[PDB]
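What follows is one structure encoded as structure tokens, with my remarks underneath.
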Amino acid sequence: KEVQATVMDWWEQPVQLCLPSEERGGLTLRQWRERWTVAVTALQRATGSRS
Amino acid sequence: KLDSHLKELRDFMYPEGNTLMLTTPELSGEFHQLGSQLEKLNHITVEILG
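So the sequence lines, in the order shown, correspond to chains D and B.
616 is the number of the first residue of the first sequence in the deposited numbering; add one for each residue after it.
499 is the number of the first residue of the second sequence in the deposited numbering; add one for each residue after it.
What follows is the structure in structure tokens.
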């Protein structure tokens, strides 16, 4: 059960949400991730590449 | 004497009266329990690797 917990931590990497108010380049990590997710989604739409 | 020897040996070998017992019942029960627990451990292992 402990090993299963470790596998879970490796997959989710929870430490990325621990500093929300930190801005870099005028944006927070979340914002950056969001920007990334929108961009990844736009690329996937253009590149017909239906994920 | 012969009758007594026969009765004593028989009682020892047939503890539940109907079946010749070669293994100690207490031990036979433990083997079964250990086999069952190992099967559970093998499932958990396969599940995690998968």
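Where is the CB? At the ideal position from N, CA and C, for every residue including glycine.
Check this for me: beta carbons of residue 618 (chain D) and residue 546 (chain B), under 7 Å apart or not?
yes
Per the DSSP calculation, residue 642 (chain D) is bridged to which residue(s)?
D:639
Are the region 621-635 of chain D and the region 643-654 of chain D touching by the rule of at least three beta carbon pairs closer than 8 Å?
yes
When the Cα atoms are used, what is the spatial distance from residue 650 (chain D) to residue 638 (chain D)?
14 Å
I'd like to confirm something about residue 535 (chain B): is its beta-carbon nearer than 6 Å to some heavy atom of the ligand GDP, or not?
For the structure depicted, the ligand GDP is absent and the ligand set is empty, with no information on it obtainable.
I need the straight-line Cα distance from residue 529 (chain B) to residue 536 (chain B), nearest angstrom please.
11 Å
Are the CB atoms of residue 511 (chain B) and residue 518 (chain B) nearer to each other than 7 Å?
yes
According to DSSP, is residue 619 (chain D) part of a helix, a strand, or is it coil?
helix
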